[PDB]
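Shown here is one chain on its own, the form deposited without the ligand, set out as structure tokens.
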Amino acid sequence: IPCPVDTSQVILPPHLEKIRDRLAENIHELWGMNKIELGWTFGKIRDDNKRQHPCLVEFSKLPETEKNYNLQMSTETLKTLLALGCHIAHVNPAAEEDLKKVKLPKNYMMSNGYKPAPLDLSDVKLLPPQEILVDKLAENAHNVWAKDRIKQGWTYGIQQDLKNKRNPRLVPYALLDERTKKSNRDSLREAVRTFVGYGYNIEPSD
């Protein structure tokens, strides 16, 4: 059923290692900001009631498993673009000079002193071909997730989720609700926007 893009024999080249790290860093700041907007706060153990999460901290002070997973997700996004035959070029290195973090208001600060500082990408526009790549990355991200769940024994749940291995999101990406598609797209749009903000062109294959 799910056929994600095979990245197993795709190598991340040395020239993309820095932008891979910068993407993982900014995507964490955006994740923390979204959680804090939704009423989440720092706590030492994750609790979905109470809305407390231990990853509401600086990227450098994340626990190593979660820090590695964030770097992995960034590496796999770049490996997917390469595997799709996309053309990545660092056309404007000086775009990093005009690149600033947003200063969030004092109430975005958590009890451990962490406050998100995502990049100000307010002037960074994506053109339609980059938005088409965002849609492809989101569909592929769903297929990667679905393959990983299927390899752990999960099965389609008939409208109803059940923590013994049934999930209703085990459908083709096109059969998801539009809100689900939106949420998945919005994460990867800000990743592609982050690439363009550091002065990269990211163009579809011929």
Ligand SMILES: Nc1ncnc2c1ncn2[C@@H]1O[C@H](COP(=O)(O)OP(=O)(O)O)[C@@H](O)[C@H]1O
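In case it trips you up, residue 1 is the first one in the sequence shown, and so on. Here, rigid core means the biggest group of C-alpha atoms that superpose within 1.5 Å across both forms.
FYI, the form deposited with the ligand bound isn't displayed, but the following is about it.
Taking a 4.5 Å heavy atom cutoff to the ligand in the deposited complex, the contact residue among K147, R46, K165, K61 is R46. Although the ligand is omitted here, in the deposited complex all of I27, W31 and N70 have a heavy atom within 4.5 Å of it. Once the cores line up, the CA of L170 ends up 2 angstroms or more apart between the shown form and the other one. Core-superposed comparison between the shown form and the other one: CA of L30 displaced by less than 2 Å. Core-aligned CA deviation for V57 between the shown form and the other one: less than 2 Å. In the deposited complex, the Cα atoms of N167 and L30 sit 3 Å or more nearer to each other than they do here. Compared with the form shown here, the C-alpha atoms of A138 and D161 sit at least 3 Å farther apart in the deposited complex.
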